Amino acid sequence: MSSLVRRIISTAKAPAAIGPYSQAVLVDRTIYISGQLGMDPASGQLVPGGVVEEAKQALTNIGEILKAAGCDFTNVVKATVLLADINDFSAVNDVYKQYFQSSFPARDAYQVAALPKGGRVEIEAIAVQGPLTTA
């Protein structure tokens, strides 16, 4: 019956909420990060250039939320890649892989019917606050 830490993670380096959600919630040591679109943090608008540019921006936004929680991409344990078009799998994979210098997280990836704002990709993530042990 200990009181576990629960903290809302919020940074102006990631887009403002455009509905009733927080950017991320840290609870105990697990960080649940809200799905990120390829939105520019300053404007809230999707960046032009289609799925590859959107994917880069979405991952940049996750990176800023991780940083706010004292983490980096090495703390991610599970991610989800939602696509508007399954044909973009290869292209998104090549972007995604550049954000992990070490062992990849668990992952799910597939096509949904529609994302908010007509996005072409959304990235969701679960991280665990460090320190974490090595193999």
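Throughout, we count residues from 1 along the sequence that is shown.
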Identify the stretch, either 81 to 89 or 105 to 113, whose C-alpha atoms have the larger mean B-factor according to the entry.
81 to 89
Averaging C-alpha B-factors over each stretch, which comes out higher, 47 to 55 or 30 to 38?
47 to 55
Ranking every modelled residue in this chain by its Cα temperature factor as given in the entry, which third contains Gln98?
highest
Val128: CA B-factor among chain residues, third -> lowest
Looking at the C-alpha B-factor of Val121, is it in the lowest, middle or highest third of its chain?
middle
CA B-factor placement of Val25, once the chain's modelled residues are sorted into thirds:
lowest
Sorting the chain's modelled residues by C-alpha B-factor, tell me whether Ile9 ends up in the lowest, middle or highest third.
lowest
